[PDB]
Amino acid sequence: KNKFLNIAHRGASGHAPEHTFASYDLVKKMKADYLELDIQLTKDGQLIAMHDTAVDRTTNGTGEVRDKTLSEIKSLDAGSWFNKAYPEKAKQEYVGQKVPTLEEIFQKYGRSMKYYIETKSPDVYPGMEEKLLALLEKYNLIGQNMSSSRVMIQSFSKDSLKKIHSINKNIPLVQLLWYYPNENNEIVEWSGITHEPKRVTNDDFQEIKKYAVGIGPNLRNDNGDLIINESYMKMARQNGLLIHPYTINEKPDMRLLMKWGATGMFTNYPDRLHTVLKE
């Protein structure tokens, strides 16, 4: 029920290129509980795994996913950038890694893996949620009960989650949150879904609880500064929410969130977290 979830952020993306099979093939090995997936929709309506809406940062191509067919996506090198960015981790095998489709991921792992899948605002990729729920259904990844689910769905978009919650009550949903300092150096939540972390209210969390089983807050801001506190975790737990902070790659930050009462973590290093869980 409150069992700790080791969530491999884009696979073991600290060891191999994110959202490639090179990265996904390490997750089971490194004892992760969930494989975290970001999805985009190609021009011919196929779901693929990629974080950005543009292919630029992680491939040798340029342009938006939505303007590209699955065929064009598939000729891109989605692995060489990693060898360049991280010379000390480079591998020849990473060269030429193709962008995975969500169906391919499901066909390869089936039920040996649990999936933690992110959606976007309904207006970004019209019909994405329905295509996603049909795919999940095709591979029997949705149980008819909430407890035996092989899938959680996560999103920054409350609208996207309320949509899914209306279609199927049996999928656990997680409300992602992003806290940052604004132009007046006041901390605000991106979507306006809660107060700043120091001042969250029961009501903030009870509202989330109407459609979601948990929250996923950023632990730090872009500067590297701590932005949530123990108080905040205590208030979310007391309202019966799971809490999955991102993106935790450092052992001391892992040990702190354990103590503060996180019930899961996004990490690029599922091996490090497993090790910290064993201490």
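Counting begins at 1, following the sequence as shown.
For the C-alpha atoms alone, is the average B factor greater in 184-192 or in 92-100, going by the entry? Higher mean C-alpha B-factor: 92-100.
Residue range whose averaged C-alpha B-factor is higher in the record, 64-72 or 22-30: According to the entry, 64-72 carries the higher average C-alpha B-factor.
Based on what the PDB entry reports, which of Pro172, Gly110, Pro197, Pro122 has the top C-alpha B-factor? Of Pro172, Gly110, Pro197, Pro122, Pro122 has the highest C-alpha B-factor.
Using the entry's values, work out which of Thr59, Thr247, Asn221, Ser231 has the largest Cα B factor. Largest recorded C-alpha B-factor: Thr59.
Chain-relative CA temperature factor third for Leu141: Highest third - that is where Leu141 ends up once the chain's C-alpha B-factors are sorted.
Comparing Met265 with the other modelled residues of its chain, is its CA B-factor in the lowest, middle or highest third? For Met265, the deposited C-alpha B-factor lands in the lowest third.
Relative C-alpha B-factor of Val55, binned into the chain's lowest, middle or highest third: Highest third.
Could you look up the Cα B-factor of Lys251 in the entry and say which third of the chain it sits in: lowest, middle or highest? CA B-factor rank for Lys251: highest third.
Taking only the Cα B-factors deposited for this chain, tell me whether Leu135 sits in the lowest, middle or highest third. Ranked within chain, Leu135 CA B lands in the middle tercile.
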